[PDB]
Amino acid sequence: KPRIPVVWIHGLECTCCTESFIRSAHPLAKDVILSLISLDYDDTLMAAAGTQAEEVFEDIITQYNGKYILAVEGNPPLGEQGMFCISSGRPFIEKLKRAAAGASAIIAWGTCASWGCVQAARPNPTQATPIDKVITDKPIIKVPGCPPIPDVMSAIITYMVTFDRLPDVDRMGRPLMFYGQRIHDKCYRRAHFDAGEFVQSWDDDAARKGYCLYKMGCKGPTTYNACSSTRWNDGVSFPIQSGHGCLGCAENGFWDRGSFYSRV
């Protein structure tokens, strides 16, 4: 029984979303790759390089025109005629457009693909631009976070495969299932927020009792993600549980909303 073809491309990025994907606990990334999808192109993992890789790319997007899913990590830079990110001697944006043209739908993994992330932070030297400002004629599901949670990535994949449809999304294109609520609306330190019980300086008595991180700059009140519920790395922790406020990493523009240590 054939598996759905997937093409995974990489613009300007740090590769954290790929790393997050391989951290998936259930299903294991191994079983996603072997049993759920056909990951037919991916520079990080594929055997072929160079001309052999370019042949795989061309063959898959032609053979499966209109039927593959495009996963995108990172983003295209518009500066220097696109040559801040070069793919087979040409601007990455050309490869992005070719891959997008044949896709049935696009998954924009991470804050880079969704919004811009760190390379788009002031002063955006490369004119890094999110996927939906370049590709304007295709369904784009945004899965933001730096990176998104591993088991969120894999749940989104299994939803699409099992239900044979894209997830329902909010007005920004984020899946409602994992992005419908704020971190602060499911945070286990909310009792302390409500009581005025705050960490005031690192490793103070409050910190040692797990008090709220709002005065340390937590951006949980304005950030939509699943970190406080689903949690990270097979439910082991999340930023706030280990004592650091949320940075706001799933939100557009989070790098430029003031210091991480300044209050919401």
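Note that residue numbering begins at 1 and tracks the sequence as displayed.
The PDB entry records a higher mean C-alpha B factor for 131-139 than for its counterpart among 84-92 and 131-139. Two stretches are in play, 188-196 and 110-118, and the higher mean C-alpha B-factor belongs to 188-196. Set against one another, the Cα B-factors of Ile149, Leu176, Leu166, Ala71 in the record reach their highest point at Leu166.
Going by the entry's values, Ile33 shows the largest Cα B-factor out of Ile33, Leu213, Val236, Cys227. When the CA B factors of the chain's modelled residues are split into thirds, the value for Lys67 lands in the highest one. In the deposited entry, the Cα temperature factor of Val161 places it in the highest third of its chain's modelled residues. Ranked by C-alpha B-factor against the other modelled residues of its chain, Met153 falls in the lowest third. Among all modelled residues in this chain, the alpha-carbon of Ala47 has a temperature factor (C-alpha) in the middle third.
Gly145: CA B factor lies in the lowest third for its chain, per the PDB record.
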